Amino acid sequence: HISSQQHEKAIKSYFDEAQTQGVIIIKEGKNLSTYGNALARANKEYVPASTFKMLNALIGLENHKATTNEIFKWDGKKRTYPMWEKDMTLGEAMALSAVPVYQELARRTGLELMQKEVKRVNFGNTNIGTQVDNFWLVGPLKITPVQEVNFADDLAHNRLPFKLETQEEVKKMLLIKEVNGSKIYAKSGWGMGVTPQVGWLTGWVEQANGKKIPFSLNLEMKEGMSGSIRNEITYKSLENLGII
């Protein structure tokens, strides 16, 4: 019996109190709902940042450029983050957002095939440019929050144009939280190489009864913010709406 005005005010306040500007899009069946404190972001284009790892993984697995148990060895060079200085499967690299592993996968796929596959899936503006190893971080590839929640909807329902097994393999890599009987599958993104910086958390809730509710959070990341604010705003929003 909570009013829509109250849900909208509560979710807006989560973004306001984080001192940022953002939106979260929820999809139930075919119907989109937009909440947050900067609703016009819903149809604006931003780099996908590490949310692209979901599609990179699907492309690399479908095209036999990796397997799910393959261990990508750390080459022993210093990484931006100490946690990336280790050997990882694609799933472990998904959880750590380990850019170097997914850059290796993108190089295995190669520019020609990557561009064909990104165009085949019709992801965002579909443009990868000439640099196979950073096009999701600094452009030219861009996508809107509406497009990201629709991509999440497709993956959650096995509707992307990849084998069912490929989609199930990647979905297994995305489980980030279990709340009561709900499961949250999602991938974060933080585009630190663009100005202003973009933050994402895109995925879906699988409820105990089997319904899947996709979402995409998009906000501006600011100096000194914690990445966990993306998760915190998302979970508070999903809980306020009774989705978890």
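Numbering starts at 1 and runs along the sequence shown.
Once the C-alpha B-factors are averaged per stretch, 201-209 and 33-41 rank with 201-209 first. As listed in the deposited structure, the average C-alpha B-factor of 42-50 and of 171-179 is greater for 171-179.
Annotation for 234, 21, 13, 228: 228 ranks highest, by Cα B-factor. When the C-alpha B-factors of 165, 148, 92, 87 are read from the PDB record, the largest value belongs to 165.
In the deposited entry, the Cα temperature factor of residue 62 places it in the middle third of its chain's modelled residues. Per-chain ranking of the deposited C-alpha B factor places residue 26 in the middle third.
In this PDB entry, the Cα temperature factor of residue 110 sits in the middle third of its chain's modelled residues.
Remark: residue 158 belongs to the highest third of its chain, ranked by C-alpha B-factor as recorded. Per the deposited record, the Cα B-factor of residue 216 falls in the lowest third when ranked against the other modelled residues of its chain.
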